[PDB]
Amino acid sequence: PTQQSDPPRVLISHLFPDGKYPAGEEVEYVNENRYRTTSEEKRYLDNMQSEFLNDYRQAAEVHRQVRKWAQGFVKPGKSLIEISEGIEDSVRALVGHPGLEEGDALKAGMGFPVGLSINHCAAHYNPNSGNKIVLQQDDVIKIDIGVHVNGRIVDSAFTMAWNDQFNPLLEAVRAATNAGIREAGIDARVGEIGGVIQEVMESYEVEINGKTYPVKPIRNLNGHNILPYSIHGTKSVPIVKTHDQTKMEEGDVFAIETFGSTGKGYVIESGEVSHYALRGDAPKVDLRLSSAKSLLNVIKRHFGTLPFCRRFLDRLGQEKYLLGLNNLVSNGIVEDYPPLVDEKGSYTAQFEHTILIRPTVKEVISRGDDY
């Protein structure tokens, strides 16, 4: 009767005609916070933020519908460019914002670049223009998609593979992410969550080419809280046990992500850079390159503090910007985020959800029937 298309092009509001988007997985807080579910005070407080919640849920439903398409489309033989462009075009169509006029991408659309990270690369790879890389049968790809509505950013990610030998690695990381999500809640201490994530993940091992490898958490990667128009707040959620005693609090939003690896369990920056973000705390700089000054205005007027990638500049007709972009990075105005890799020959996997720590309940807003 009324369904999404292939690829997704139907405005999400057409599929939810009352303008209300579905809640994600709602979980009661445990023990001394269980009173929150039925507390009239906390229910009224939660209801004050109905528009915030509904925007978050719109972004999460777009995320689900686009990743459903991706899960059916992405296979060996597809190019990274066509996958990324397919995801991006679907997100923008569903939210109704082409993101070409100044300010339009800041209303709704991509929350950050599409991560398409293969094998020993765990994160922060996105093809730049002219990229010709095609997925192979023995690849393990992490697809990290961000959707925002009015600056409410849903960050959720999953891994795909086509050779069954990798399945235990994917299962390990999915299980570890789900254990971290289960531990999350008001007053939970992030370093203790990390220990639970680690215990679950390290209970897995995977045989690759005749040798058995323990699955190791990537110890220098972590989840984080999410702020308006800003993917990273000040709080971290480690994926190993640490003595970070920071607590989750009412009103927080967290990206609970875990990464597992058959290699060292540690990543370094390596490879072509595609991902960038304007720092809200950028210092004052006497910019002399005309092209750094013009590029900064393009960035502020189109992306604000949302992360962007090179192709997001290319599609705005920017052609001579790499000098200026590197200058804004060197001057501390824009941060760069190079691809992150474990050792050559290793395989890494990622699963991630966004959770809302509401006054009443925990909402795993990006949960779907897929993961």
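Note that residue numbering follows the sequence shown and begins at 1.
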| item | value |
| --- | --- |
| Stretch with the higher entry mean CA B-factor, where the candidates are 43-51 and 309-317 | 43-51 |
| 186-194 or 282-290, whichever carries the higher mean Cα B-factor | 282-290 |
| Residue of maximum C-alpha B factor among 86, 210, 115, 111, per deposited coordinates | 210 |
| Out of 126, 159, 177, 234, residue topping the C-alpha B-factor column of the entry | 234 |
| Within-chain third of residue 275 by Cα B-factor, per the entry | lowest |
| Residue 366 - which third its CA temperature factor falls in, relative to the rest of the chain | lowest |
| Entry-reported Cα temperature factor of residue 57, expressed as the chain third it lands in | lowest |
| Among modelled residues of the same chain, the CA temperature factor third for residue 93 | lowest |
| Entry-reported Cα temperature factor of residue 348, expressed as the chain third it lands in | middle |
